[PDB]
Amino acid sequence: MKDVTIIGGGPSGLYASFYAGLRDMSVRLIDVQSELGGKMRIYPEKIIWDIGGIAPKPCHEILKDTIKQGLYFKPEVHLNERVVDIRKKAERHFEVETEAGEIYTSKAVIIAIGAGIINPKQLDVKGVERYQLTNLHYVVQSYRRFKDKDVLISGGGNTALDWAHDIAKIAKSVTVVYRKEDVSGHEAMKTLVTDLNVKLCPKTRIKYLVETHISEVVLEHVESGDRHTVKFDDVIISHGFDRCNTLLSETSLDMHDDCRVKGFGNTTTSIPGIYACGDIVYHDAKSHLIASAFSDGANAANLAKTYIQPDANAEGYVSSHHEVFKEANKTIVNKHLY
Amino acid sequence: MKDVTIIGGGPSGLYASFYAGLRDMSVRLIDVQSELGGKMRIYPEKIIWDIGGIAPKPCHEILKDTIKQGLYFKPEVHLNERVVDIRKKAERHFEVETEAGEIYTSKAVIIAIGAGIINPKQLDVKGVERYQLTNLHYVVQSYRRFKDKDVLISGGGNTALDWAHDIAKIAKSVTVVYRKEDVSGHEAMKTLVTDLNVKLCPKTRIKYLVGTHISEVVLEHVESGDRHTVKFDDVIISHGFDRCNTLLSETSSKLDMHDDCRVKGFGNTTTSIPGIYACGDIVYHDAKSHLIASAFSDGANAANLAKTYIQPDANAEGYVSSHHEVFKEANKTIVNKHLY
Ligand SMILES: Cc1cc2nc3c(=O)[nH]c(=O)nc-3n(C[C@H](O)[C@H](O)[C@H](O)COP(=O)(O)OP(=O)(O)OC[C@H]3O[C@@H](n4cnc5c(N)ncnc54)[C@H](O)[C@@H]3O)c2cc1C
Ligand SMILES: Cc1cc2nc3c(=O)[nH]c(=O)nc-3n(C[C@H](O)[C@H](O)[C@H](O)COP(=O)(O)OP(=O)(O)OC[C@H]3O[C@@H](n4cnc5c(N)ncnc54)[C@H](O)[C@@H]3O)c2cc1C
């Protein structure tokens, strides 16, 4: 039987998997996506600067190292599987059940689900390669950059309609492309419907993206198939993250008022043996950063080790002098593999 | 007036400087060492694996990346200066004083001193280069690896004397070199002194490391100057950390202290005095680990909390770098020129 089941294969679950492996714990890692990476799979070409110790480079470059790290100790990885229920039969005996009816047993459970199911949209770039695009945005934080710009937003989700309203305050025009039939979310539209500079284009998708910036967008109607090319200055692809729509409403934990797992000072949850790491947990030391997802992962692995084996050391051995790496260290130095 | 004064140039102080710069804060970074890096300067050649997202590579390589990161926004760096006093005159008005009498003013103070003054011993390696050495150790965790080896330990601190006893259980012989007459504490020496395979060599220093791995050590007697060459299989240089001997016991501002001489963190890097924040190994909160990974996440939180202290109406957290406008000009060059 596996020592710990980690729910979520994002940076927090990946690092949690690594650090649990460093402490000689058996790990099962489950993620709903077809590939590991979590939210990092949404913005692969964007350059990340705020990860500690990592010189700026594409997210997809950093992700390859981070995935490898999560798998140093080679855990049992289960992709394309969606957890739907968590059960505590007894102390050090948990059942994790998927939607397909698969039941996995573990002595502890680490919940690293971020904000819920992530399903990155597959963008098709023509003329240029996606990796050199600069004016392609997957999140809006500062929006002063959109002054007098023609902005395209893909998706009719609540988040996309909220973005559209914020951007409309200073943008010249906003076009919201989505398919379905009519928008998702009543409240976002009542706010949005009074933005007289927002054009709604239902049943329409972004087809192709046409130096170092997107210059034109081919939009295409889902039914007729008619295409027309519109020039834009910035493109924003939403995905629709909505906390409060996770598995955590129907499992049987104390919840923060914003639908984050309430962390009791750290990654400790309201059930001994269940620990939450990453964006999903709230404690006073949390940041919405990859750096915090990592430090959360370590704490969840540490607390789970001492949960399974109370007399074990509180923390793991520093890797610089850890005996398991000694064989590899000689090869790295002799061959200059860095 | 400086926005924030950061005391300590380790990974926690380095990241805090960077993230404070990301939040458009003026930064002063002060450190007593002659080079930035803190504890990372003790084990430069050692391979570090447990830092998130970083493929294993030499500590000195990761340190180079971390220093560069701390200096993107080019803060005011004060090296070879040892802070001795912290004073809070009023809100958004702090005085940071060094031993030379220099007084630096800041609206907030970030304490990133780790465990206190770090002073790496300068090893002189002859025959080999230090960076490809494997049997040179700065910490002992697992000690089964020393089975039937001739081991040298430099330093007479409690930790070094503890290592010697533990290592002595299975090693062929242990030699403990140090310079003090007693190196303080009867019992650690008394435990070790009855390990009949341990040779205590007081008033003795390491002079030369002679060698992939070190094969022999040139030892020199202090005062007399006598040298003798001894072959060893492993060399362990201890440093002696004591969290109870920092400036925080004798300053003009009393933060609440944890019972282990760590700053009491009120859930995170918040301290008992608004405007003073502790990040890194120095602070205690329930989410702490004694890892470089935790020093980074502490630094971010400390930069965030200082920002909302100086500007209450500022955003609680900083903009994610992937979409942060300050990097956009550089991003095109990095992308266009494939600078990665
Ligand atoms: C656009 C964007 C840019 C960012 N840029 C930065 C940056 O530059 N620097 C930085 O420090 N931080 C950044 N962040 C912060 C971000 O939170 C982290 O990068 C990272 O996503 C942390 O997520 P996580 O570890 O909680 O896991 P996540 O990335 O949230 O992934 C969780 C994983 O669990 C899976 N999952 C969810 N529910 C279930 C379920 N029920 N069953 C099974 N699997 C499930 C998901 O599909 C996913 O694979 C950014 C965030 C976004 C959205
Ligand atoms: C894989 C791994 C291996 C590790 N191996 C080791 C190891 O072998 N040995 C070890 O000791 N740690 C080791 N660590 C711990 C790690 O190096 C530290 O946790 C890290 O350096 C934390 O940095 P910090 O800035 O919080 O503290 P520090 O690195 O100690 O930073 C303190 C800095 O502030 C300065 N300073 C202190 N007081 C003052 C003052 N009054 N005025 C001015 N400057 C001052 C110090 O000189 C120093 O530059 C390891 C960690 C990991 C993850």
# chains A, B, ... in the order shown; residues from 1 in each chain; ligands from 1
>>> closest_atom_pairs(of="chain A", to="ligand 2", cutoff="9 Å", atoms="only C-alpha atoms and all ligand atoms", output="Markdown table")
| residue | atom | partner | partner_atom_place_in_ligand_line | distance |
| --- | --- | --- | --- | --- |
| A:317 | CA | ligand 2 | 1 (C) | 8.1 |
| A:318 | CA | ligand 2 | 2 (C) | 4.4 |
| A:319 | CA | ligand 2 | 1 (C) | 4.0 |
| A:320 | CA | ligand 2 | 3 (C) | 4.3 |
| A:321 | CA | ligand 2 | 3 (C) | 6.8 |
| A:322 | CA | ligand 2 | 1 (C) | 8.3 |
>>> residues_near_ligand(ligand="ligand 1", cutoff="7 Å", atoms="only C-alpha atoms and all ligand atoms", output="ChimeraX atom specification")
/A:7-13,30-33,36-40,42-43,48-51,81-84,112-119,138-139,246-247,277-280,288-291,293 /B:320-322
>>> write_last_selection(atoms="N, CA and C atoms", output="compact mmCIF listing (two decimals), in the first residue's frame")
# COMPACT_ATOMS: atom_id res chain seq x y z
N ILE A 7 -2.83 14.52 -4.74
CA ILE A 7 -3.89 14.87 -5.68
C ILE A 7 -3.52 16.20 -6.32
N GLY A 8 -3.10 16.15 -7.58
CA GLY A 8 -2.67 17.35 -8.28
C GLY A 8 -1.23 17.26 -8.73
N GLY A 9 -0.98 17.44 -10.02
CA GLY A 9 0.37 17.29 -10.53
C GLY A 9 0.95 18.62 -10.97
N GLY A 10 0.56 19.69 -10.27
CA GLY A 10 1.18 20.98 -10.47
C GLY A 10 2.49 21.08 -9.72
N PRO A 11 3.09 22.27 -9.77
CA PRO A 11 4.39 22.44 -9.10
C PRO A 11 4.36 22.06 -7.63
N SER A 12 3.24 22.29 -6.94
CA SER A 12 3.17 21.93 -5.53
C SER A 12 3.13 20.41 -5.37
N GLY A 13 2.28 19.74 -6.16
CA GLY A 13 2.23 18.29 -6.09
C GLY A 13 3.52 17.66 -6.59
N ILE A 30 -1.62 11.81 -8.84
CA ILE A 30 -2.79 11.78 -9.71
C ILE A 30 -3.07 13.19 -10.23
N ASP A 31 -3.37 13.28 -11.52
CA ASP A 31 -3.71 14.56 -12.13
C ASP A 31 -4.69 14.33 -13.27
N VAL A 32 -5.62 15.27 -13.45
CA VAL A 32 -6.68 15.10 -14.44
C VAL A 32 -6.18 15.36 -15.86
N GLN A 33 -5.16 16.20 -16.02
CA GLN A 33 -4.65 16.50 -17.34
C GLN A 33 -3.93 15.29 -17.93
N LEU A 36 1.66 16.43 -16.97
CA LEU A 36 1.95 17.11 -15.72
C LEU A 36 2.26 18.59 -15.97
N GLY A 37 2.09 19.39 -14.92
CA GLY A 37 2.42 20.80 -14.99
C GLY A 37 1.38 21.73 -14.41
N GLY A 38 0.14 21.26 -14.32
CA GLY A 38 -0.92 22.08 -13.75
C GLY A 38 -1.13 23.36 -14.54
N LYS A 39 -1.22 24.47 -13.81
CA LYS A 39 -1.46 25.77 -14.43
C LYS A 39 -0.32 26.17 -15.34
N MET A 40 0.88 25.64 -15.11
CA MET A 40 2.03 26.01 -15.94
C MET A 40 1.83 25.63 -17.40
N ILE A 42 -0.74 26.34 -19.09
CA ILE A 42 -1.57 27.34 -19.74
C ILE A 42 -0.72 28.42 -20.42
N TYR A 43 0.44 28.78 -19.87
CA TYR A 43 1.24 29.90 -20.39
C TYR A 43 2.66 29.43 -20.70
N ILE A 48 9.14 33.47 -17.06
CA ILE A 48 8.91 33.56 -15.62
C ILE A 48 10.20 34.03 -14.94
N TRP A 49 10.08 35.09 -14.14
CA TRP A 49 11.22 35.73 -13.49
C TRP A 49 11.24 35.56 -11.98
N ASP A 50 10.08 35.32 -11.36
CA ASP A 50 9.92 35.40 -9.91
C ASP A 50 10.03 34.05 -9.22
N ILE A 51 10.59 33.04 -9.89
CA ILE A 51 10.92 31.79 -9.20
C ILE A 51 12.32 31.94 -8.64
N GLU A 81 -6.94 11.03 -14.73
CA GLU A 81 -7.81 10.46 -13.71
C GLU A 81 -8.23 11.59 -12.79
N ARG A 82 -9.53 11.70 -12.58
CA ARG A 82 -10.15 12.79 -11.83
C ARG A 82 -10.67 12.25 -10.50
N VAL A 83 -10.08 12.73 -9.40
CA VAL A 83 -10.56 12.33 -8.09
C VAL A 83 -11.91 12.99 -7.82
N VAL A 84 -12.83 12.21 -7.25
CA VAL A 84 -14.16 12.71 -6.93
C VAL A 84 -14.52 12.54 -5.46
N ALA A 112 -3.35 18.95 -3.58
CA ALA A 112 -2.63 20.00 -4.29
C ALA A 112 -3.35 20.34 -5.59
N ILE A 113 -4.64 20.66 -5.49
CA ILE A 113 -5.48 20.80 -6.68
C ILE A 113 -5.54 22.23 -7.21
N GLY A 114 -4.81 23.16 -6.61
CA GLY A 114 -4.82 24.54 -7.07
C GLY A 114 -6.21 25.15 -7.00
N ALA A 115 -6.76 25.51 -8.16
CA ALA A 115 -8.10 26.08 -8.25
C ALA A 115 -9.12 25.14 -8.90
N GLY A 116 -8.74 23.90 -9.18
CA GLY A 116 -9.65 22.96 -9.81
C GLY A 116 -9.18 22.40 -11.13
N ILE A 117 -10.10 21.85 -11.93
CA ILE A 117 -9.71 21.22 -13.19
C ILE A 117 -9.16 22.27 -14.16
N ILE A 118 -7.94 22.05 -14.64
CA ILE A 118 -7.27 22.85 -15.67
C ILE A 118 -7.29 22.12 -17.01
N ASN A 119 -7.79 22.78 -18.06
CA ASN A 119 -7.81 22.21 -19.41
C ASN A 119 -7.34 23.24 -20.43
N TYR A 138 -2.63 35.44 -20.89
CA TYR A 138 -3.46 34.41 -20.28
C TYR A 138 -4.03 34.84 -18.93
N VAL A 139 -3.61 36.01 -18.44
CA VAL A 139 -4.10 36.60 -17.19
C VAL A 139 -3.99 38.12 -17.32
N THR A 246 -14.50 22.81 -6.78
CA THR A 246 -13.66 21.63 -6.68
C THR A 246 -14.43 20.45 -6.10
N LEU A 247 -13.72 19.33 -5.95
CA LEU A 247 -14.27 18.10 -5.38
C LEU A 247 -14.59 18.25 -3.90
N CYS A 277 -1.42 21.63 -0.02
CA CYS A 277 -0.24 22.40 -0.43
C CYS A 277 -0.51 23.09 -1.76
N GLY A 278 0.02 24.30 -1.90
CA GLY A 278 -0.13 25.08 -3.12
C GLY A 278 -1.18 26.17 -3.00
N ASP A 279 -1.75 26.57 -4.14
CA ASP A 279 -2.74 27.65 -4.17
C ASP A 279 -4.02 27.27 -3.45
N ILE A 280 -4.26 25.97 -3.25
CA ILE A 280 -5.50 25.50 -2.64
C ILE A 280 -5.56 25.81 -1.16
N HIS A 288 0.77 33.81 -3.88
CA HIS A 288 0.32 33.21 -5.13
C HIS A 288 1.50 33.11 -6.10
N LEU A 289 2.49 32.33 -5.68
CA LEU A 289 3.74 32.19 -6.41
C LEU A 289 4.15 30.72 -6.46
N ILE A 290 4.94 30.40 -7.48
CA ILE A 290 5.52 29.06 -7.59
C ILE A 290 6.43 28.79 -6.40
N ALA A 291 7.14 29.83 -5.94
CA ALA A 291 7.98 29.71 -4.76
C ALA A 291 7.20 29.20 -3.55
N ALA A 293 4.27 27.52 -3.63
CA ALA A 293 3.82 26.15 -3.90
C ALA A 293 4.91 25.15 -3.55
N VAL B 320 2.27 38.80 -10.92
CA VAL B 320 3.06 37.66 -11.39
C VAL B 320 4.01 38.12 -12.49
N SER B 321 5.25 37.61 -12.45
CA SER B 321 6.29 38.09 -13.36
C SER B 321 5.96 37.76 -14.81
N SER B 322 5.21 36.68 -15.03
CA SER B 322 4.92 36.25 -16.40
C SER B 322 4.20 37.34 -17.17
>>> residues_around(residues="residue A:198", least_positions_apart="5", cutoff="9 Å", atoms="only C-alpha atoms", output="ChimeraX atom specification")
/A:164-165,168,173-176,192-193
>>> closest_residue(among="B:1, B:40, B:287, B:25", to="residue B:92", atoms="only C-alpha atoms")
B:1
>>> residues_around(residues="stretch 194-205 of chain B", least_positions_apart="3", cutoff="9 Å", atoms="only C-alpha atoms", output="ChimeraX atom specification")
/B:154-156,164-165,168-169,171-183,189-191,219-223
>>> interface_residues(of="chain A", to="chain B", cutoff="8 Å", atoms="only C-alpha atoms", output="ChimeraX atom specification")
/A:15,19,46-50,52-57,62-63,65-66,69,131-132,134,137,139-142,145,212,265-267,283-289,291-292,294-296,298-299,315,317-323,329-330,332-334,337-338
>>> select_by_dssp(residues="stretch 22-91 of chain A", states="strand (DSSP E or B)", output="mmCIF file with C-alpha atoms, in the first residue's frame")
data_model
loop_
_atom_site.group_PDB
_atom_site.id
_atom_site.type_symbol
_atom_site.label_atom_id
_atom_site.label_comp_id
_atom_site.auth_asym_id
_atom_site.auth_seq_id
_atom_site.Cartn_x
_atom_site.Cartn_y
_atom_site.Cartn_z
ATOM 1 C CA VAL A 27 4.020 8.240 -3.616
ATOM 2 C CA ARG A 28 0.996 8.023 -5.907
ATOM 3 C CA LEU A 29 0.579 11.173 -8.018
ATOM 4 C CA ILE A 30 -2.793 11.781 -9.708
ATOM 5 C CA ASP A 31 -3.708 14.562 -12.130
ATOM 6 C CA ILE A 47 8.972 34.090 -19.403
ATOM 7 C CA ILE A 48 8.914 33.563 -15.616
ATOM 8 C CA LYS A 57 13.400 31.570 -19.205
ATOM 9 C CA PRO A 58 10.199 30.145 -20.759
ATOM 10 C CA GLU A 76 3.417 5.872 -9.411
ATOM 11 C CA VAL A 77 1.904 8.470 -11.775
ATOM 12 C CA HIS A 78 -1.791 8.327 -12.779
ATOM 13 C CA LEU A 79 -2.724 10.866 -15.459
ATOM 14 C CA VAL A 83 -10.564 12.334 -8.086
ATOM 15 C CA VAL A 84 -14.165 12.705 -6.932
ATOM 16 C CA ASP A 85 -14.148 11.460 -3.318
ATOM 17 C CA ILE A 86 -11.802 11.273 -0.320
ATOM 18 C CA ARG A 87 -12.594 8.946 2.580
ATOM 19 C CA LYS A 88 -10.905 8.368 5.935
ATOM 20 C CA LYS A 89 -11.593 4.776 6.976
ATOM 21 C CA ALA A 90 -9.219 5.002 9.952
#
>>> atom_distance(atom1="atom CA of residue A:127", atom2="atom CA of residue A:35")
26.9 Å
>>> closest_residue(among="B:307, B:234, B:117, B:101", to="residue B:20", atoms="only C-alpha atoms")
B:307
>>> atom_distance(atom1="atom CA of residue A:217", atom2="atom CA of residue A:236")
11.9 Å
>>> atom_distance(atom1="atom CA of residue B:116", atom2="atom CA of residue B:104")
19.6 Å
>>> closest_residue(among="A:316, A:133, A:233, A:202", to="residue A:147", atoms="only C-alpha atoms")
A:233
>>> residues_around(residues="residue A:208", least_positions_apart="3", cutoff="10 Å", atoms="only C-alpha atoms", output="list in words")
residues 123, 124, 125, 126, 127, 205, 216, 217, 218, 219, 220 and 229 of chain A
>>> select_by_dssp(residues="stretch 143-322 of chain A", states="alpha helix (DSSP H)", output="number ranges by chain")
A: 158-168, 186-192, 290-308
>>> write_last_selection(atoms="N, CA, C and O atoms", output="CSV table (one decimal), in the first residue's frame")
chain,number,residue,atom,x,y,z
A,158,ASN,N,-17.1,33.5,-16.7
A,158,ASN,CA,-17.2,34.6,-15.8
A,158,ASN,C,-16.0,35.5,-15.7
A,158,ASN,O,-16.0,36.7,-15.8
A,159,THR,N,-14.8,34.8,-15.6
A,159,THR,CA,-13.5,35.5,-15.6
A,159,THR,C,-13.3,36.3,-16.9
A,159,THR,O,-12.9,37.5,-16.8
A,160,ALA,N,-13.6,35.8,-18.1
A,160,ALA,CA,-13.4,36.5,-19.3
A,160,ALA,C,-14.4,37.7,-19.4
A,160,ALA,O,-14.0,38.8,-19.9
A,161,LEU,N,-15.6,37.6,-18.9
A,161,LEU,CA,-16.5,38.7,-18.9
A,161,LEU,C,-16.1,39.8,-17.9
A,161,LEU,O,-16.3,41.0,-18.2
A,162,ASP,N,-15.5,39.4,-16.8
A,162,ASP,CA,-15.0,40.3,-15.8
A,162,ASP,C,-13.8,41.1,-16.4
A,162,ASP,O,-13.7,42.3,-16.3
A,163,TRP,N,-12.9,40.4,-17.0
A,163,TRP,CA,-11.7,41.0,-17.7
A,163,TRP,C,-12.2,42.0,-18.7
A,163,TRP,O,-11.7,43.1,-18.8
A,164,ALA,N,-13.2,41.6,-19.5
A,164,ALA,CA,-13.7,42.5,-20.6
A,164,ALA,C,-14.1,43.8,-20.0
A,164,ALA,O,-13.8,44.9,-20.6
A,165,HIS,N,-14.9,43.8,-18.9
A,165,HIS,CA,-15.4,45.0,-18.3
A,165,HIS,C,-14.2,45.8,-17.8
A,165,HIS,O,-14.2,47.0,-18.0
A,166,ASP,N,-13.3,45.2,-17.0
A,166,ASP,CA,-12.1,46.0,-16.5
A,166,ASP,C,-11.4,46.6,-17.7
A,166,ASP,O,-11.0,47.8,-17.6
A,167,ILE,N,-11.1,45.9,-18.7
A,167,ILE,CA,-10.3,46.4,-19.9
A,167,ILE,C,-11.1,47.4,-20.6
A,167,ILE,O,-10.5,48.4,-21.1
A,168,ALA,N,-12.4,47.3,-20.7
A,168,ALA,CA,-13.2,48.2,-21.4
A,168,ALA,C,-13.2,49.6,-20.9
A,168,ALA,O,-13.4,50.6,-21.6
A,186,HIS,N,-24.7,35.2,-15.2
A,186,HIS,CA,-25.7,36.3,-15.2
A,186,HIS,C,-25.1,37.6,-14.8
A,186,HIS,O,-25.2,38.6,-15.5
A,187,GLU,N,-24.4,37.6,-13.6
A,187,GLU,CA,-23.9,38.8,-13.0
A,187,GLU,C,-22.8,39.5,-13.8
A,187,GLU,O,-22.8,40.7,-13.9
A,188,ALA,N,-21.9,38.7,-14.4
A,188,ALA,CA,-20.9,39.3,-15.2
A,188,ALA,C,-21.5,40.1,-16.4
A,188,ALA,O,-21.0,41.1,-16.8
A,189,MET,N,-22.6,39.6,-17.0
A,189,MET,CA,-23.2,40.2,-18.1
A,189,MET,C,-23.9,41.5,-17.7
A,189,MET,O,-23.9,42.5,-18.4
A,190,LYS,N,-24.6,41.6,-16.5
A,190,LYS,CA,-25.3,42.8,-16.2
A,190,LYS,C,-24.3,43.9,-16.0
A,190,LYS,O,-24.5,45.1,-16.4
A,191,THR,N,-23.1,43.6,-15.5
A,191,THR,CA,-22.0,44.6,-15.4
A,191,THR,C,-21.5,44.9,-16.8
A,191,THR,O,-21.3,46.1,-17.1
A,192,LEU,N,-21.3,43.9,-17.6
A,192,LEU,CA,-20.7,44.0,-18.9
A,192,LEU,C,-21.7,44.7,-19.9
A,192,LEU,O,-21.2,45.4,-20.8
A,290,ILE,N,4.9,30.4,-7.5
A,290,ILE,CA,5.5,29.1,-7.6
A,290,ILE,C,6.4,28.8,-6.4
A,290,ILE,O,6.5,27.7,-5.9
A,291,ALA,N,7.1,29.8,-5.9
A,291,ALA,CA,8.0,29.7,-4.8
A,291,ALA,C,7.2,29.2,-3.5
A,291,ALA,O,7.7,28.3,-2.8
A,292,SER,N,6.0,29.7,-3.3
A,292,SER,CA,5.2,29.3,-2.2
A,292,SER,C,4.6,27.9,-2.4
A,292,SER,O,4.5,27.1,-1.4
A,293,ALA,N,4.3,27.5,-3.6
A,293,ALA,CA,3.8,26.2,-3.9
A,293,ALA,C,4.9,25.1,-3.6
A,293,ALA,O,4.6,24.0,-3.1
A,294,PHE,N,6.2,25.5,-3.8
A,294,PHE,CA,7.3,24.6,-3.5
A,294,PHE,C,7.5,24.5,-2.0
A,294,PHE,O,7.6,23.3,-1.5
A,295,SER,N,7.5,25.6,-1.3
A,295,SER,CA,7.7,25.5,0.2
A,295,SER,C,6.5,24.8,0.9
A,295,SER,O,6.7,24.2,1.9
A,296,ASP,N,5.3,25.0,0.3
A,296,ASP,CA,4.2,24.2,0.7
A,296,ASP,C,4.4,22.7,0.6
A,296,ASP,O,4.1,21.9,1.4
A,297,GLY,N,4.9,22.3,-0.6
A,297,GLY,CA,5.1,20.9,-0.9
A,297,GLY,C,6.1,20.2,0.1
A,297,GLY,O,5.8,19.1,0.5
A,298,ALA,N,7.2,20.9,0.4
A,298,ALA,CA,8.1,20.4,1.4
A,298,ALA,C,7.4,20.2,2.8
A,298,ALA,O,7.5,19.1,3.4
A,299,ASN,N,6.7,21.2,3.2
A,299,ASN,CA,6.0,21.1,4.5
A,299,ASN,C,4.9,19.9,4.5
A,299,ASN,O,4.8,19.2,5.5
A,300,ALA,N,4.2,19.8,3.4
A,300,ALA,CA,3.2,18.7,3.4
A,300,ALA,C,3.9,17.3,3.4
A,300,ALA,O,3.4,16.4,4.0
A,301,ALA,N,5.1,17.2,2.7
A,301,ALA,CA,5.8,15.9,2.8
A,301,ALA,C,6.3,15.6,4.2
A,301,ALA,O,6.3,14.5,4.7
A,302,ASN,N,6.9,16.7,4.8
A,302,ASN,CA,7.5,16.6,6.1
A,302,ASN,C,6.4,16.2,7.1
A,302,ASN,O,6.6,15.2,7.9
A,303,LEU,N,5.3,16.9,7.1
A,303,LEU,CA,4.2,16.6,8.1
A,303,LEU,C,3.6,15.2,7.9
A,303,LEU,O,3.2,14.5,8.8
A,304,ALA,N,3.5,14.7,6.6
A,304,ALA,CA,3.0,13.4,6.3
A,304,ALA,C,4.0,12.3,6.8
A,304,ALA,O,3.5,11.3,7.3
A,305,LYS,N,5.3,12.6,6.6
A,305,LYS,CA,6.3,11.6,7.1
A,305,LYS,C,6.1,11.4,8.6
A,305,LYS,O,6.1,10.2,9.1
A,306,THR,N,6.1,12.5,9.4
A,306,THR,CA,6.0,12.4,10.8
A,306,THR,C,4.6,11.9,11.2
A,306,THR,O,4.4,11.5,12.4
A,307,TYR,N,3.6,12.1,10.3
A,307,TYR,CA,2.3,11.5,10.6
A,307,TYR,C,2.3,10.0,10.5
A,307,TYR,O,1.8,9.3,11.4
A,308,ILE,N,2.9,9.5,9.5
A,308,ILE,CA,3.0,8.0,9.3
A,308,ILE,C,4.0,7.4,10.3
A,308,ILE,O,3.7,6.4,11.0
>>> decode(residues="stretch 16-29 of chain B", atoms="N, CA and C atoms", output="tab-separated table (two decimals), in the first residue's frame")
chain	number	residue	atom	x	y	z
B	16	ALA	N	14.24	38.80	-1.26
B	16	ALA	CA	13.52	39.96	-0.75
B	16	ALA	C	13.89	41.25	-1.47
B	17	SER	N	15.18	41.44	-1.77
B	17	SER	CA	15.59	42.61	-2.54
B	17	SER	C	14.97	42.60	-3.93
B	18	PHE	N	15.02	41.45	-4.61
B	18	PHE	CA	14.40	41.33	-5.93
B	18	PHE	C	12.91	41.62	-5.87
B	19	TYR	N	12.20	40.97	-4.94
B	19	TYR	CA	10.74	41.09	-4.95
B	19	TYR	C	10.30	42.48	-4.49
B	20	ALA	N	11.06	43.11	-3.59
B	20	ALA	CA	10.80	44.50	-3.23
B	20	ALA	C	10.99	45.41	-4.44
B	21	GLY	N	11.99	45.11	-5.26
B	21	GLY	CA	12.19	45.86	-6.49
B	21	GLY	C	11.04	45.66	-7.45
B	22	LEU	N	10.51	44.43	-7.52
B	22	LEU	CA	9.36	44.15	-8.36
B	22	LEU	C	8.17	45.00	-7.95
B	23	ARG	N	8.07	45.35	-6.67
B	23	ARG	CA	6.98	46.15	-6.15
B	23	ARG	C	7.33	47.63	-6.14
B	24	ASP	N	8.33	48.03	-6.93
B	24	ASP	CA	8.71	49.44	-7.10
B	24	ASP	C	9.06	50.04	-5.75
B	25	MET	N	9.87	49.30	-4.99
B	25	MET	CA	10.39	49.77	-3.72
B	25	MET	C	11.89	49.99	-3.84
B	26	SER	N	12.38	51.09	-3.25
B	26	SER	CA	13.81	51.31	-3.19
B	26	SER	C	14.41	50.37	-2.15
B	27	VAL	N	15.54	49.75	-2.47
B	27	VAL	CA	16.08	48.71	-1.60
B	27	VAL	C	17.52	49.04	-1.24
B	28	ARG	N	17.84	48.89	0.05
B	28	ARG	CA	19.21	48.85	0.54
B	28	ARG	C	19.49	47.46	1.08
B	29	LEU	N	20.54	46.82	0.57
B	29	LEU	CA	20.91	45.47	0.97
B	29	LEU	C	22.26	45.56	1.66
